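For reference, final36.txt (compact mmCIF, C-alpha atoms):
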```txt
# COMPACT_ATOMS: atom_id res chain seq x y z
CA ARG A 1 16.45 -26.16 -14.09
CA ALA A 2 13.46 -24.10 -12.93
CA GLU A 3 10.82 -21.52 -13.86
CA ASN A 4 10.55 -17.78 -13.19
CA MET A 5 8.31 -14.97 -11.83
CA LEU A 6 6.37 -12.50 -13.92
CA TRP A 7 4.71 -9.49 -12.46
CA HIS A 8 1.93 -6.96 -12.33
CA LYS A 9 1.93 -4.32 -9.60
CA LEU A 10 0.22 -0.94 -9.40
CA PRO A 11 0.06 2.14 -7.19
CA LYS A 12 -2.84 1.77 -4.83
CA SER A 13 -4.70 5.06 -5.19
CA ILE A 14 -5.66 7.18 -8.21
CA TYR A 15 -8.26 9.84 -9.01
CA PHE A 16 -9.54 11.05 -12.38
CA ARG A 17 -11.73 14.10 -13.33
CA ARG A 18 -12.13 17.71 -13.95
CA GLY A 19 -11.97 19.42 -10.59
CA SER A 20 -10.47 16.40 -8.95
CA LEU A 21 -8.14 18.57 -6.96
CA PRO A 22 -10.39 19.74 -4.10
CA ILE A 23 -12.34 16.51 -3.84
CA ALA A 24 -9.13 14.54 -4.33
CA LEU A 25 -7.22 16.27 -1.54
CA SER A 26 -10.27 16.48 0.72
CA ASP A 27 -9.20 13.12 2.19
CA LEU A 28 -5.89 14.56 3.36
CA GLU A 29 -6.64 14.97 7.09
CA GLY A 30 -3.71 15.19 9.51
CA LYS A 31 -0.74 14.72 7.26
CA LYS A 32 0.98 17.80 8.58
CA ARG A 33 4.11 18.70 6.65
CA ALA A 34 4.13 19.09 2.91
CA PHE A 35 6.71 19.80 0.27
CA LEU A 36 6.29 21.01 -3.28
CA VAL A 37 8.23 19.72 -6.27
CA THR A 38 7.63 21.69 -9.47
CA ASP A 39 9.26 23.86 -12.15
CA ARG A 40 9.67 27.62 -12.15
CA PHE A 41 7.69 27.91 -15.38
CA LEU A 42 4.63 26.19 -13.93
CA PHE A 43 5.13 27.69 -10.49
CA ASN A 44 5.45 30.97 -12.37
CA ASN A 45 2.00 30.35 -13.82
CA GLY A 46 -1.04 30.71 -11.61
CA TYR A 47 -1.00 27.01 -10.78
CA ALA A 48 1.07 26.43 -7.65
CA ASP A 49 -0.87 29.21 -5.90
CA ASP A 50 -3.98 27.06 -6.27
CA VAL A 51 -2.53 24.04 -4.49
CA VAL A 52 -0.83 26.00 -1.72
CA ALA A 53 -4.14 27.77 -1.13
CA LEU A 54 -5.84 24.39 -0.89
CA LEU A 55 -3.04 23.38 1.47
CA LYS A 56 -3.90 26.35 3.65
CA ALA A 57 -7.48 25.11 3.36
CA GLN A 58 -6.72 23.08 6.45
CA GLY A 59 -3.33 24.73 6.74
CA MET A 60 -0.03 23.03 6.00
CA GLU A 61 3.56 24.06 6.54
CA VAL A 62 4.83 23.86 2.97
CA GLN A 63 7.51 25.21 0.69
CA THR A 64 7.57 25.34 -3.09
CA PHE A 65 10.57 23.91 -4.90
CA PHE A 66 10.61 24.97 -8.56
CA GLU A 67 14.34 24.52 -9.16
CA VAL A 68 14.52 21.68 -11.71
CA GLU A 69 14.98 22.24 -15.43
CA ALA A 70 14.42 19.73 -18.22
CA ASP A 71 16.47 17.06 -16.45
CA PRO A 72 17.68 15.45 -13.24
CA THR A 73 21.20 16.74 -12.87
CA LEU A 74 23.04 15.41 -9.79
CA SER A 75 23.03 19.10 -8.79
CA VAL A 76 19.46 20.03 -7.88
CA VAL A 77 18.87 16.59 -6.44
CA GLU A 78 21.12 17.16 -3.45
CA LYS A 79 20.09 20.76 -2.77
CA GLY A 80 16.46 19.70 -2.77
CA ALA A 81 17.26 16.73 -0.56
CA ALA A 82 19.19 18.93 1.86
CA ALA A 83 16.49 21.60 1.95
CA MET A 84 13.65 19.21 2.62
CA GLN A 85 15.63 17.19 5.16
CA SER A 86 16.17 20.51 6.85
CA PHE A 87 12.40 20.88 6.71
CA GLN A 88 11.63 17.23 7.50
CA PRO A 89 8.39 17.25 5.48
CA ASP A 90 6.08 14.30 5.84
CA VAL A 91 4.21 14.54 2.52
CA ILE A 92 5.80 15.14 -0.87
CA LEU A 93 3.87 16.71 -3.73
CA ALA A 94 5.15 15.91 -7.20
CA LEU A 95 3.93 18.31 -9.87
CA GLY A 96 4.24 18.40 -13.63
CA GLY A 97 5.86 16.46 -16.45
CA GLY A 98 8.97 14.30 -16.62
CA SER A 99 11.97 15.64 -14.78
CA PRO A 100 10.23 17.32 -11.79
CA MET A 101 8.63 14.15 -10.49
CA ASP A 102 11.24 11.39 -10.72
CA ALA A 103 14.13 13.54 -9.49
CA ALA A 104 11.93 14.23 -6.49
CA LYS A 105 11.50 10.48 -6.02
CA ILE A 106 15.26 10.12 -6.09
CA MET A 107 15.98 12.87 -3.58
CA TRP A 108 12.86 11.71 -1.80
CA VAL A 109 14.53 8.39 -1.11
CA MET A 110 17.71 10.28 -0.33
CA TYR A 111 15.78 11.78 2.56
CA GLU A 112 14.82 8.28 3.66
CA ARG B 1 -25.29 21.08 -9.06
CA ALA B 2 -21.97 19.25 -9.36
CA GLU B 3 -20.12 16.22 -10.72
CA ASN B 4 -18.97 12.97 -9.09
CA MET B 5 -16.01 10.60 -8.52
CA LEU B 6 -15.43 7.33 -10.31
CA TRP B 7 -12.82 4.88 -9.24
CA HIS B 8 -10.22 2.26 -9.96
CA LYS B 9 -8.17 0.81 -7.10
CA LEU B 10 -6.25 -2.45 -6.81
CA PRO B 11 -4.34 -4.51 -4.26
CA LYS B 12 -0.69 -3.65 -4.52
CA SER B 13 0.99 -7.04 -4.76
CA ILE B 14 0.20 -10.21 -6.71
CA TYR B 15 2.11 -13.27 -7.93
CA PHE B 16 1.22 -15.76 -10.67
CA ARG B 17 2.78 -19.18 -11.60
CA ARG B 18 3.21 -22.79 -11.01
CA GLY B 19 5.38 -23.14 -7.94
CA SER B 20 4.79 -19.57 -6.93
CA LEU B 21 4.50 -20.58 -3.32
CA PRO B 22 8.16 -20.89 -2.29
CA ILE B 23 9.38 -18.04 -4.45
CA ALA B 24 6.31 -16.02 -3.51
CA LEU B 25 6.77 -16.38 0.24
CA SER B 26 10.55 -16.11 0.03
CA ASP B 27 10.15 -12.35 0.52
CA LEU B 28 8.49 -12.87 3.90
CA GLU B 29 11.40 -11.98 6.21
CA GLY B 30 10.63 -10.96 9.79
CA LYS B 31 6.88 -10.99 9.87
CA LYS B 32 6.78 -13.16 12.95
CA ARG B 33 3.28 -14.32 13.84
CA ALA B 34 1.04 -16.03 11.36
CA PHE B 35 -2.48 -17.34 11.34
CA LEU B 36 -4.16 -19.80 9.01
CA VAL B 37 -7.68 -19.46 7.65
CA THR B 38 -8.88 -22.51 5.72
CA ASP B 39 -11.49 -25.30 5.61
CA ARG B 40 -11.29 -28.73 7.20
CA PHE B 41 -11.67 -30.40 3.81
CA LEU B 42 -8.64 -28.65 2.34
CA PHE B 43 -6.72 -28.72 5.60
CA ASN B 44 -7.66 -32.40 5.63
CA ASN B 45 -5.95 -32.76 2.28
CA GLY B 46 -2.17 -32.65 2.08
CA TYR B 47 -2.22 -28.93 1.38
CA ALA B 48 -2.00 -27.01 4.65
CA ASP B 49 0.97 -29.17 5.67
CA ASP B 50 2.86 -27.69 2.73
CA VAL B 51 2.40 -24.08 3.81
CA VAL B 52 3.04 -24.69 7.50
CA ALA B 53 6.23 -26.50 6.50
CA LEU B 54 7.23 -23.48 4.43
CA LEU B 55 6.34 -21.37 7.45
CA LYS B 56 8.76 -23.42 9.51
CA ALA B 57 11.20 -22.80 6.66
CA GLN B 58 12.22 -19.71 8.58
CA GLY B 59 9.99 -20.74 11.46
CA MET B 60 6.72 -19.04 12.37
CA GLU B 61 4.40 -19.38 15.33
CA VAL B 62 1.20 -20.34 13.52
CA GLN B 63 -2.10 -22.10 14.05
CA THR B 64 -4.43 -23.58 11.47
CA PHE B 65 -8.08 -22.57 11.54
CA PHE B 66 -10.19 -24.86 9.37
CA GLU B 67 -13.53 -24.23 11.07
CA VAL B 68 -15.63 -22.51 8.39
CA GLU B 69 -18.18 -24.32 6.25
CA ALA B 70 -19.80 -23.08 3.05
CA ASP B 71 -20.69 -19.72 4.62
CA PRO B 72 -19.90 -16.92 7.05
CA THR B 73 -22.23 -17.57 9.93
CA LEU B 74 -21.97 -15.01 12.76
CA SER B 75 -20.83 -18.06 14.77
CA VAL B 76 -17.37 -19.01 13.54
CA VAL B 77 -16.50 -15.37 12.97
CA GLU B 78 -16.35 -14.55 16.66
CA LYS B 79 -14.63 -17.75 17.78
CA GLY B 80 -11.95 -17.20 15.16
CA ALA B 81 -11.64 -13.56 16.16
CA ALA B 82 -11.36 -14.49 19.83
CA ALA B 83 -8.83 -17.24 19.18
CA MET B 84 -6.54 -15.13 17.05
CA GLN B 85 -6.82 -12.10 19.35
CA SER B 86 -5.74 -14.50 22.05
CA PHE B 87 -2.83 -15.34 19.76
CA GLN B 88 -2.26 -11.76 18.54
CA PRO B 89 -0.96 -12.90 15.13
CA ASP B 90 0.63 -10.31 12.92
CA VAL B 91 0.10 -11.96 9.52
CA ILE B 92 -3.13 -13.56 8.33
CA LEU B 93 -3.15 -16.27 5.68
CA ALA B 94 -6.38 -16.64 3.74
CA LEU B 95 -6.73 -19.97 1.96
CA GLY B 96 -9.25 -21.38 -0.46
CA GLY B 97 -12.51 -20.42 -2.13
CA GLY B 98 -15.34 -18.12 -1.11
CA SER B 99 -16.36 -18.33 2.52
CA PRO B 100 -12.94 -19.01 4.14
CA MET B 101 -11.35 -15.80 2.95
CA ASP B 102 -13.91 -13.02 3.42
CA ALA B 103 -15.11 -14.22 6.83
CA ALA B 104 -11.46 -14.03 7.82
CA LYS B 105 -11.36 -10.44 6.56
CA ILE B 106 -14.39 -9.69 8.70
CA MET B 107 -13.03 -11.24 11.87
CA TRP B 108 -9.67 -9.89 10.80
CA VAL B 109 -11.02 -6.37 11.14
CA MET B 110 -12.75 -7.46 14.32
CA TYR B 111 -9.27 -8.03 15.69
CA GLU B 112 -8.35 -4.51 14.64
```
Please rewrite the model in this file as structure tokens.
Amino acid sequence: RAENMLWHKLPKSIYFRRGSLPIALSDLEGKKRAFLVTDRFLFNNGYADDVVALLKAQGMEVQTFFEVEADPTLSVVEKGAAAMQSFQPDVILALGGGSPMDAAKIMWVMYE
Amino acid sequence: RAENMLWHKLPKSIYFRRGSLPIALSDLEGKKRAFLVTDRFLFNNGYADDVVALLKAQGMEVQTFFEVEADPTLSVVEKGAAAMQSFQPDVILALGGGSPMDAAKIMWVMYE
């Protein structure tokens, strides 16, 4: 007979406004390698260009990965993992809605 | 002319119940050196004994510091900093209410 543990834990760091992006990423000093996780629709739009330009702003070796559809598959996850672990990036950029981010996380940890 | 940043940031990890202590500190594996920050009243009570016993539970090189009164002083802060930086602890244990904790923080960073 005994009692339990309940929980409340949060990510440490969050930003929120219009035009956050530049002032949000301003504090990104010497993190050197970067990797993009996104979808080809959004990457197709004039959106990824913005962030890679801001990555050039101090100049990062990056590569866009827009190769996830509506779901994590067990098929993109390993190609993305293999590609980035070929790259050995040191910062991972999750973009978008639903599938792009979490699959990244997964293959992210697969890099670890 | 431009807009600003507002904020919301939190410590990552918190526990909350009755008898948290053992199940809270259970996840404290190989952190090896420990330092106590407390007051001589509370240390005088049968309270510090409990935590140092649980520190022995896997066995930590620790030392109690109960030498702060109702306030940070500019006098205890440096003796505590000097003592711990003689010890080089790697985990700092803040105990109590008001003055004991924050002064620690201060001299904590003075160690850094």
For the reference chain A, what are the coordinates of chain B after least-squares fitting (all Cα, in-order pairing), as a CSV table (one decimal) with C-alpha atoms, in the frame of the given file?
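The result, stored in part05.csv:
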```
chain,number,residue,atom,x,y,z
B,1,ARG,CA,16.4,-26.2,-14.1
B,2,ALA,CA,13.5,-24.1,-12.9
B,3,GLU,CA,10.8,-21.5,-13.9
B,4,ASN,CA,10.5,-17.8,-13.2
B,5,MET,CA,8.3,-15.0,-11.8
B,6,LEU,CA,6.4,-12.5,-13.9
B,7,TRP,CA,4.7,-9.5,-12.5
B,8,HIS,CA,1.9,-7.0,-12.3
B,9,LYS,CA,1.9,-4.3,-9.6
B,10,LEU,CA,0.2,-0.9,-9.4
B,11,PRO,CA,0.1,2.1,-7.2
B,12,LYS,CA,-2.8,1.8,-4.8
B,13,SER,CA,-4.7,5.1,-5.2
B,14,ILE,CA,-5.7,7.2,-8.2
B,15,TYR,CA,-8.3,9.8,-9.0
B,16,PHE,CA,-9.5,11.1,-12.4
B,17,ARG,CA,-11.7,14.1,-13.3
B,18,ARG,CA,-12.1,17.7,-14.0
B,19,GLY,CA,-12.0,19.4,-10.6
B,20,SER,CA,-10.5,16.4,-8.9
B,21,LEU,CA,-8.1,18.6,-7.0
B,22,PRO,CA,-10.4,19.7,-4.1
B,23,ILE,CA,-12.3,16.5,-3.8
B,24,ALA,CA,-9.1,14.5,-4.3
B,25,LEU,CA,-7.2,16.3,-1.5
B,26,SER,CA,-10.3,16.5,0.7
B,27,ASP,CA,-9.2,13.1,2.2
B,28,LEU,CA,-5.9,14.6,3.4
B,29,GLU,CA,-6.6,15.0,7.1
B,30,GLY,CA,-3.7,15.2,9.5
B,31,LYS,CA,-0.7,14.7,7.3
B,32,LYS,CA,1.0,17.8,8.6
B,33,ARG,CA,4.1,18.7,6.6
B,34,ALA,CA,4.1,19.1,2.9
B,35,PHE,CA,6.7,19.8,0.3
B,36,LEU,CA,6.3,21.0,-3.3
B,37,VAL,CA,8.2,19.7,-6.3
B,38,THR,CA,7.6,21.7,-9.5
B,39,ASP,CA,9.3,23.9,-12.2
B,40,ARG,CA,9.7,27.6,-12.2
B,41,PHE,CA,7.7,27.9,-15.4
B,42,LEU,CA,4.6,26.2,-13.9
B,43,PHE,CA,5.1,27.7,-10.5
B,44,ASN,CA,5.4,31.0,-12.4
B,45,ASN,CA,2.0,30.4,-13.8
B,46,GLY,CA,-1.0,30.7,-11.6
B,47,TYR,CA,-1.0,27.0,-10.8
B,48,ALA,CA,1.1,26.4,-7.6
B,49,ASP,CA,-0.9,29.2,-5.9
B,50,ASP,CA,-4.0,27.1,-6.3
B,51,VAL,CA,-2.5,24.0,-4.5
B,52,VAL,CA,-0.8,26.0,-1.7
B,53,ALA,CA,-4.1,27.8,-1.1
B,54,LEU,CA,-5.8,24.4,-0.9
B,55,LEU,CA,-3.0,23.4,1.5
B,56,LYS,CA,-3.9,26.3,3.6
B,57,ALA,CA,-7.5,25.1,3.4
B,58,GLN,CA,-6.7,23.1,6.5
B,59,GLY,CA,-3.3,24.7,6.7
B,60,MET,CA,0.0,23.0,6.0
B,61,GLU,CA,3.6,24.1,6.5
B,62,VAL,CA,4.8,23.9,3.0
B,63,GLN,CA,7.5,25.2,0.7
B,64,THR,CA,7.6,25.3,-3.1
B,65,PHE,CA,10.6,23.9,-4.9
B,66,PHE,CA,10.6,25.0,-8.6
B,67,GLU,CA,14.3,24.5,-9.2
B,68,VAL,CA,14.5,21.7,-11.7
B,69,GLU,CA,15.0,22.2,-15.4
B,70,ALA,CA,14.4,19.7,-18.2
B,71,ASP,CA,16.5,17.1,-16.4
B,72,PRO,CA,17.7,15.4,-13.2
B,73,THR,CA,21.2,16.7,-12.9
B,74,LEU,CA,23.0,15.4,-9.8
B,75,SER,CA,23.0,19.1,-8.8
B,76,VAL,CA,19.5,20.0,-7.9
B,77,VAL,CA,18.9,16.6,-6.4
B,78,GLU,CA,21.1,17.2,-3.4
B,79,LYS,CA,20.1,20.8,-2.8
B,80,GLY,CA,16.5,19.7,-2.8
B,81,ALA,CA,17.3,16.7,-0.6
B,82,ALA,CA,19.2,18.9,1.9
B,83,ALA,CA,16.5,21.6,1.9
B,84,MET,CA,13.6,19.2,2.6
B,85,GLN,CA,15.6,17.2,5.2
B,86,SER,CA,16.2,20.5,6.8
B,87,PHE,CA,12.4,20.9,6.7
B,88,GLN,CA,11.6,17.2,7.5
B,89,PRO,CA,8.4,17.3,5.5
B,90,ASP,CA,6.1,14.3,5.8
B,91,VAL,CA,4.2,14.5,2.5
B,92,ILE,CA,5.8,15.1,-0.9
B,93,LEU,CA,3.9,16.7,-3.7
B,94,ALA,CA,5.1,15.9,-7.2
B,95,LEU,CA,3.9,18.3,-9.9
B,96,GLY,CA,4.2,18.4,-13.6
B,97,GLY,CA,5.9,16.5,-16.5
B,98,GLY,CA,9.0,14.3,-16.6
B,99,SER,CA,12.0,15.6,-14.8
B,100,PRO,CA,10.2,17.3,-11.8
B,101,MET,CA,8.6,14.2,-10.5
B,102,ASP,CA,11.2,11.4,-10.7
B,103,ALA,CA,14.1,13.5,-9.5
B,104,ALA,CA,11.9,14.2,-6.5
B,105,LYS,CA,11.5,10.5,-6.0
B,106,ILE,CA,15.3,10.1,-6.1
B,107,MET,CA,16.0,12.9,-3.6
B,108,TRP,CA,12.9,11.7,-1.8
B,109,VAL,CA,14.5,8.4,-1.1
B,110,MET,CA,17.7,10.3,-0.3
B,111,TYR,CA,15.8,11.8,2.6
B,112,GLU,CA,14.8,8.3,3.7
```
Two-atom distance - CA of residue 77 in chain A, CA of residue 42 in chain A (Å):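 These atoms are spaced 18.7 Å apart.
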For the point (-6.3, -9.9, 11.9) in the file's frame, write as a PDB file with C-alpha atoms, keeping the file's coordinate frame all residues with an atom no more than 12 Å away, counting only C-alpha atoms.
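selection-v4.pdb written:
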```pdb
ATOM      1  CA  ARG B  33       3.280 -14.320  13.840  1.00  0.00           C
ATOM      2  CA  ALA B  34       1.040 -16.030  11.360  1.00  0.00           C
ATOM      3  CA  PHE B  35      -2.480 -17.340  11.340  1.00  0.00           C
ATOM      4  CA  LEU B  36      -4.160 -19.800   9.010  1.00  0.00           C
ATOM      5  CA  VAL B  37      -7.680 -19.460   7.650  1.00  0.00           C
ATOM      6  CA  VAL B  77     -16.500 -15.370  12.970  1.00  0.00           C
ATOM      7  CA  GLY B  80     -11.950 -17.200  15.160  1.00  0.00           C
ATOM      8  CA  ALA B  81     -11.640 -13.560  16.160  1.00  0.00           C
ATOM      9  CA  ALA B  82     -11.360 -14.490  19.830  1.00  0.00           C
ATOM     10  CA  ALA B  83      -8.830 -17.240  19.180  1.00  0.00           C
ATOM     11  CA  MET B  84      -6.540 -15.130  17.050  1.00  0.00           C
ATOM     12  CA  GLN B  85      -6.820 -12.100  19.350  1.00  0.00           C
ATOM     13  CA  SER B  86      -5.740 -14.500  22.050  1.00  0.00           C
ATOM     14  CA  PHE B  87      -2.830 -15.340  19.760  1.00  0.00           C
ATOM     15  CA  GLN B  88      -2.260 -11.760  18.540  1.00  0.00           C
ATOM     16  CA  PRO B  89      -0.960 -12.900  15.130  1.00  0.00           C
ATOM     17  CA  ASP B  90       0.630 -10.310  12.920  1.00  0.00           C
ATOM     18  CA  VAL B  91       0.100 -11.960   9.520  1.00  0.00           C
ATOM     19  CA  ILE B  92      -3.130 -13.560   8.330  1.00  0.00           C
ATOM     20  CA  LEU B  93      -3.150 -16.270   5.680  1.00  0.00           C
ATOM     21  CA  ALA B  94      -6.380 -16.640   3.740  1.00  0.00           C
ATOM     22  CA  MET B 101     -11.350 -15.800   2.950  1.00  0.00           C
ATOM     23  CA  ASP B 102     -13.910 -13.020   3.420  1.00  0.00           C
ATOM     24  CA  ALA B 103     -15.110 -14.220   6.830  1.00  0.00           C
ATOM     25  CA  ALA B 104     -11.460 -14.030   7.820  1.00  0.00           C
ATOM     26  CA  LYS B 105     -11.360 -10.440   6.560  1.00  0.00           C
ATOM     27  CA  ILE B 106     -14.390  -9.690   8.700  1.00  0.00           C
ATOM     28  CA  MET B 107     -13.030 -11.240  11.870  1.00  0.00           C
ATOM     29  CA  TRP B 108      -9.670  -9.890  10.800  1.00  0.00           C
ATOM     30  CA  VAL B 109     -11.020  -6.370  11.140  1.00  0.00           C
ATOM     31  CA  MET B 110     -12.750  -7.460  14.320  1.00  0.00           C
ATOM     32  CA  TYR B 111      -9.270  -8.030  15.690  1.00  0.00           C
ATOM     33  CA  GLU B 112      -8.350  -4.510  14.640  1.00  0.00           C
TER      34      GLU B 112
END
```
Hey, could you make a per-residue contact list for chain B against chain A with 6 Å as the cut-off, showing the nearest pair of atoms and its distance in Å to one decimal, counting all atoms listed in the file, sorted by chain and number, as JSON lines?
```
{"residue": "B:9", "atom": "CA", "partner": "A:13", "partner_atom": "CA", "distance": 5.8}
{"residue": "B:10", "atom": "CA", "partner": "A:12", "partner_atom": "CA", "distance": 5.8}
{"residue": "B:12", "atom": "CA", "partner": "A:10", "partner_atom": "CA", "distance": 5.7}
{"residue": "B:13", "atom": "CA", "partner": "A:9", "partner_atom": "CA", "distance": 5.6}
```
Å distance separating CA of residue 70 in chain A from CA of residue 22 in chain A, one decimal place: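 These atoms are spaced 28.5 Å apart.
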Separation of CA of residue 49 in chain A from CA of residue 76 in chain A in Å: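 A separation of 22.4 Å between them.
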Could you give me, as a compact mmCIF listing (two decimals) with C-alpha atoms, in the frame of the given file, the residues that sit within 8 Å of (-11.7, -24.7, 10.1) in the file's coordinates, counting only C-alpha atoms?
```
# COMPACT_ATOMS: atom_id res chain seq x y z
CA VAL B 37 -7.68 -19.46 7.65
CA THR B 38 -8.88 -22.51 5.72
CA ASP B 39 -11.49 -25.30 5.61
CA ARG B 40 -11.29 -28.73 7.20
CA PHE B 43 -6.72 -28.72 5.60
CA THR B 64 -4.43 -23.58 11.47
CA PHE B 65 -8.08 -22.57 11.54
CA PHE B 66 -10.19 -24.86 9.37
CA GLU B 67 -13.53 -24.23 11.07
CA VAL B 68 -15.63 -22.51 8.39
CA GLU B 69 -18.18 -24.32 6.25
```
Nearest-residue call for residue 72 in chain A, choices A:98, A:48, A:1, A:29, using only C-alpha atoms: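 Among the listed residues, A:98 lies closest to residue 72 in chain A.
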All residues 10 Å or closer to residue 60 in chain A, only C-alpha atoms, same chain fewer than 2 positions away omitted, as a list in words: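 Skipping anything fewer than 2 positions along the chain leaves residues 30, 31, 32, 33, 34, 35, 52, 53, 54, 55, 56, 57, 58, 62 and 63 of chain A.
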